[PDB]
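I have placed the structure first, in the form of structure tokens, so that the comments after it can refer back to it.
Cβ coordinates were reconstructed from backbone atoms using ideal geometry, including for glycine residues, and neighbour counts include every protein chain displayed. Every read-out reported here was derived from the displayed coordinates using simple, explicitly stated rules and does not represent laboratory data.
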Amino acid sequence: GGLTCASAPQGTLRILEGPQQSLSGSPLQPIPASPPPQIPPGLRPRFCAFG
Amino acid sequence: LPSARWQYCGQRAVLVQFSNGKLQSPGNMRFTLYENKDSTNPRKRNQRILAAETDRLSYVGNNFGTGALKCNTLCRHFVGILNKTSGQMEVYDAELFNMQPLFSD
């Protein structure tokens, strides 16, 4: 029950949970481009010149 | 690539911090440890007081009071041996103490 002292420890192993692999996909997923505005189909002159 | 073998046996390997410096000179220093009474609660496995008397001063180390370090609750401590003959890192359980010297009241 004396509990004598011991020598100096050489190395200290650190145990830790691993990096989060297979979380990010190898291609990227962007928000798609909002489309450029279209001229709508079915546009015709509705105004006739009077008389 | 050095390797070993994990073998967990289970006993506590007490580890000591000092509040004043490294030890660096082992000599004529007593070591006794003062666990709690009641084993019905888990206080027998948690409450412990370490005494390290020298002829000059004497050092007290707790596990429960204001001054106990938070490296044994938020983290677990082990002690390896690495018997390189059989090639096994057989690993015990540890606990870290931080001793304050005792002066007055």
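Computed values, structure above
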quantity	calculated
Test for B:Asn62: is it away from chain A (no Cβ under 12 Å), in contact with a strand residue (DSSP E or B) (Cβ under 9 Å, 6 or more places away or on another chain) and within 17 Å of A:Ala6 (Cα to Cα)	no
Residues (within 14 Å of chain A (Cβ to nearest Cβ), surrounded by 14 or more Cβ atoms within 10 Å (Cβ to Cβ) and not charged (D, E, K, R)) located in the stretch B:41-54	B:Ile49, B:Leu50, B:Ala51, B:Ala52
Filter result (basic (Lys, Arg), surrounded by 12 or more Cβ atoms within 10 Å (Cβ to Cβ) and over 14 Å from the mean Cα position of the chain (by Cα)) within the stretch B:3-40	B:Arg5, B:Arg30
Candidate set: the stretch B:77-105, residues that are of a type outside the set (A, V, I, L, M, F, W, C) and more than 22 Å from B:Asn63 (Cα to Cα); chosen: the one surrounded by the most Cβ atoms within 10 Å (Cβ to Cβ)	B:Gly80
Strands (runs of 3 or more DSSP E) contained in the stretch B:1-90 and holding at least 1 residues among the small types (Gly, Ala, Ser) and under 27 Å from A:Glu17 (Cβ atoms)	B:13-18, B:78-80
Condition met for A:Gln10 (loosely packed, with under 10 Cβ neighbours inside 10 Å and more than 30 Å from B:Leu15 (Cβ to Cβ))	no
Qualifying residue in the stretch B:76-89 (condition: closer than 24 Å to A:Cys5 by Cα, among the hydroxyl-bearing types (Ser, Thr, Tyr) and touching a strand residue (DSSP E or B) at 6+ places or on another chain (Cβ under 6 Å))	no
Near pairs, Cβ below 8 angstrom, 6+ apart or cross-chain, from the stretch B:29-52 (acidic (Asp, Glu)) to any residue that is surrounded by 13 or more Cβ atoms within 10 Å (Cβ to Cβ) and part of a loop (DSSP other than H, G, I, E, B)	B:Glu35/B:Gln47
Matching residues, the stretch A:30-44, being at negative phi and either surrounded by 10 or more Cβ atoms within 10 Å (Cβ to Cβ) or not polar (S, T, N, Q) (or both)	A:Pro30, A:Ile31, A:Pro32, A:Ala33, A:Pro35, A:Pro36, A:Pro37, A:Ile39, A:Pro40, A:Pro41, A:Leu43, A:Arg44
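Each row is one residue, and each column tells you yes or no for (1) within 14 Å of another protein chain (Cβ to nearest Cβ); (2) more than 38 Å from the chain's Cα centre (by Cα).
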position	(1), (2)
A:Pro9	yes, yes
A:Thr12	yes, no
A:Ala33	no, no
A:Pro45	no, yes
A:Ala49	no, yes
